[PDB]
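Residue numbers (the numbering used here): 6 to 190.
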Amino acid sequence: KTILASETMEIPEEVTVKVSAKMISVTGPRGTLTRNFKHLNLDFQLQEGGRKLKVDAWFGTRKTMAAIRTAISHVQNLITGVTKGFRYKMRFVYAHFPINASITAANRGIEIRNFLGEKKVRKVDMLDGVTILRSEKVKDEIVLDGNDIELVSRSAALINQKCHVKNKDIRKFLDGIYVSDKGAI
RNA sequence: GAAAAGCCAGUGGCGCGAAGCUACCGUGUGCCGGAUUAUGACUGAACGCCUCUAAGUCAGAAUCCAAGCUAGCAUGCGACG
Ligand SMILES: [Mg+2]
């Protein structure tokens, strides 16, 4: 019912955005990111020669109007991911059994052992654009690095949800792997 | 006639009895991918914040559909002699 709902962002001078009808390819110093917003039913248009991305919803109801800022902050996340990158920190909480993590192959996955005294060995492989490394200036962290927030955060979530404590009081047996500093550096 | 060999008693009766069938009373074997629910989540709005949800995604089960197993006159079809 609303004639025009538009939002706009700014593109820095280190990153090149190439939008192809909704197929957004972002290029930066760190690499390249890409995404289908081919489902959003919005209007993307670059102005000032690739320095301003301006998004329209014409006759958008409040639902489509809420869909706008998703696209704008998604492409913010791509811009920051491909200029600086995302780096999640993930601390080891263990009550009685030290849980012993070992990387898999050139930092593409982790292997958790001795969790809860269990003998099942926990194996998670990093998704495409994410790597892992054990923390060395911190006591017990694993630090994930990547250019894509979805890939970093999904890998973080796999590691988290693969160390749940079952059949026991989750209010007391707090063992697991949880994320502490989630910014982007 | 008798020994020998039998035969009659609907299978005369008993001991054993191969073969064939057979028994959890004996033996051998029984199944590999993906979708997903309940739930837990990721990025992220509406609502400068938050948010598993609105758009988009994930993990997920004696579940589901295949894979496998059985029939395949489905008046179906292919190669060839
Ligand atoms: Mg016998």
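Note that beta-carbon positions come from the ideal geometry of N, C-alpha and C, so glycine has one too.
Closest Cα partner of residue i within the set the options
i	options	result
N119	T66, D133, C168 and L58	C168
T109	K187, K173, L149 and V129	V129
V135	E116, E155, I117 and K124	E155
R56	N41, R113 and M14	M14
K144	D174, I104, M28 and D150	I104
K68	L83, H79, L47 and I29	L47
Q81	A111, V22 and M70	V22
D186	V60, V170, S25 and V157	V157
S11	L83, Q50, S25 and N112	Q50
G181	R113, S107, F102 and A111	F102
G122	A100, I29, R40 and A111	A100
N41	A76, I115 and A162	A76
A162	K142, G114, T37 and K124	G114
residue 191	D133, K124, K6 and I117	In this structure the chain extends from 6 to 190, so residue 191 is not present and cannot be described.
Proximal residues to residue i (C-beta, below 7 Å), its chain only, five neighbours per side dropped
i	result
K89	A189 and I190
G33	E19, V20, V87 and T88
residue 272	In the structure displayed, the chain extends from 6 to 190; residue 272 sits before or after that span and is not available.
Residue burial classification, residue i (beta-carbon count within 10 angstroms, cutoff 16)
i	result
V126	exposed
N172	exposed
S160	buried
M131	buried
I175	exposed
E53	exposed
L179	exposed
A111	exposed
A106	buried
Own chain, CB closer than 8 Å to residue i, minus 5 neighbours either side, in chain order
i	result
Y183	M95, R96, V98 and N165
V148	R92, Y93, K94, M95, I137, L138, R139 and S140
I8	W63 and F64
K6	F64 and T66
Close Cβ partners of residue i (< 6 Å) along its chain, the five nearest in sequence each way excluded
i	result
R35	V87, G90 and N152
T85	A189
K43	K27
For residue j and residue i, believed in contact at Cβ under 8 Å, the rounded distance
i	j	result
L45	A72	6 Å
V24	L83	Contact flag wrong, Cβ pair sits at about 12 Å.
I16	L58	6 Å
Going along the chain, which unbroken runs of the beta strand (DSSP E) with 3 or more residues stay wholly within the region 87-112?
91-98 and 105-108, all fully within the region 87-112.
Uninterrupted beta strand (DSSP E) stretches inside the region 111-149 (no shorter than 3 residues)
Listed in chain order, the complete beta strand (DSSP E) runs (minimum 3 residues) inside the region 111-149 are 114-118, 127-130 and 135-139.
Residue ranges of each alpha helix (DSSP H) within the region 154-189, 4 or longer:
The alpha helix (DSSP H) runs of length 4 or more contained entirely in the region 154-189 are, from start to end of the chain, 154-166.
What runs of the beta strand (DSSP E), each 3 residues or longer, lie entirely inside the region 25-71?
You should have 28-32, 37-41, 48-52 and 57-65.
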